[PDB]
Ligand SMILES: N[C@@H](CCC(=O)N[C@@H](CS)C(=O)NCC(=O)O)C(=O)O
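Next up: a single chain in structure tokens, the form deposited without this ligand.
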């Protein structure tokens, strides 16, 4: 049927992560995942009801540590990268012409070295979009001064693998520092200041040799970590983290261990003595008074906020975590889900 496509951006390394999936089979693939964003990217795969077949990595990154290894152990995905990168511990190595499939859709590998000798470009099956990585950026190119990088090879790879793509084809890069999101083949072929227009191989290399950039900060860490594919958490209840950021607690576990946590009920006083009941041992502290009543809460006990549907209780976690509570968890669905799952309620109807 349709393609499902999402662009995520890592503020700390300016990295674009790309999530593709086929709505027919709900099977997905995730391009250039970032280490610090693993709980975030996996949350979004669950809220979309997807299944991550592969994490693909266009090249060994110097700016950021990849999330391929962490995601392979969390949700089961498979570390793909090019064979030319040199990285150890991938489930599938990749070569020019490899068809990576997910559902009825697929991507196509194109070797585009120059940034590194392992850089690849993932073209979409219908060739409406492609993921160049660090080979070709928006009105620019990746740097050619480290990681076996050569500006002659980048120019040959852009004019021969990327500029041969259809004119209207969108080009999604792995980074951008100006707040831009996409560019087409026709734009760069014409307006790229480094190697578009009428520039020749000798015009590009004189631009790069005289482009002097500051090193990335995580270079001494990312490169050895990404050479091993990214190899170098709340343990007081079974906890997940919604894409929205809020931590949620397993209700079934909570029913079994009501004595362990400090259940806090943030509804109005009416609602607590009201028709929906209340979890046994709940503690009425209304949301509009929990700002300046935080001093009434034990540090030696995790806190689990509850409300009607679980919205005002999520806001209670942001309030408790700004007050310095390290163990806090919303109960998803609130009493409406609690009651509709048969769980024990006092003073109901």
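Positions refer to the first chain, counted from 1.
From this point on, the text means the form deposited with this ligand bound, which you will not see here.
Taking the partner from the other structure, this ligand in the entry with it bound has no heavy atom within 4.5 Å of any heavy atom of residue 200.
Contact annotation: residue 216 falls within 4.5 Å of this ligand in the entry with it bound, judged by heavy atom distances. In the entry with it bound, this ligand stays beyond 4.5 Å of every heavy atom belonging to residue 278. With a 4.5 Å cutoff on heavy atoms, residue 142 counts as touching this ligand in the entry with it bound. For the candidate set 267, 105, 175, 110, a heavy atom within 4.5 Å of this ligand in the entry with it bound is found for exactly one residue, namely 175. Contact annotation: this ligand lies within 4.5 Å of heavy atoms from the stretch 134-142 in the entry with it bound, the single such stretch among 86-94, 182-190, 134-142, 220-228.
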